[PDB]
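Each remark here refers to the structure printed beneath this line.
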Amino acid sequence: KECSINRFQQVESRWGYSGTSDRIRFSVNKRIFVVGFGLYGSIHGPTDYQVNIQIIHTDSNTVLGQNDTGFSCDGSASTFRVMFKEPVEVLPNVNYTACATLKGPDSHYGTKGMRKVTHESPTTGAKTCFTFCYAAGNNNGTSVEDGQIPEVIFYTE
């Protein structure tokens, strides 16, 4: 029942980390539990990252979930799972801010990013539509069209 959605259609190189969080805002049209993100990994390997991930309620800038964690990686253009300590419940049509601060070597990054991207249950046809929006400032250059945080890993309700 663990799902994921990737908002990028293509993968390029390379993206650098110097201490600034990659951030993207999103809202969902249906209630979900986010359990983590998929993040792009290094250009060369083997190597790894420390990574701090967070989900913040946008309107108040209050943290709902946060985890200082890590992942290791091989140089592929694939995405790597980094998990929150517990599920964060995301309510319909509330704006949330996803943060990942990677500390590590240069990575791949996503291109041709999508504003809207829909997950559809193969069992019921129920649609879970994600809308992504630009997180202005303090985002390591990440946007709706390019950058980090390709994937949200979640369960539907």
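No value in this document is a laboratory result; all are computed from the given coordinates.
Distance distribution P(r), the chain, all Cα-Cα pairs, bin width 5 angstrom from 0: 2, 10, 20, 24, 22, 14, 6, 2, 0 percent.
Within the straight-line cut-off of under 23 Å between alpha carbons, the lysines reachable from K30 are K1, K85, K116, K127, sequence neighbours fewer than 8 places apart in one chain being disregarded.
Between the alpha-carbon centres of the range 96-157 and the range 1-41 there is a gap of 4 Å.
Can you tell me the relative contact order of the chain? Whole percent, Cα pairs under 8 Å, sequence separation 6 or more. The normalised contact order for the chain reaches 42 percent.
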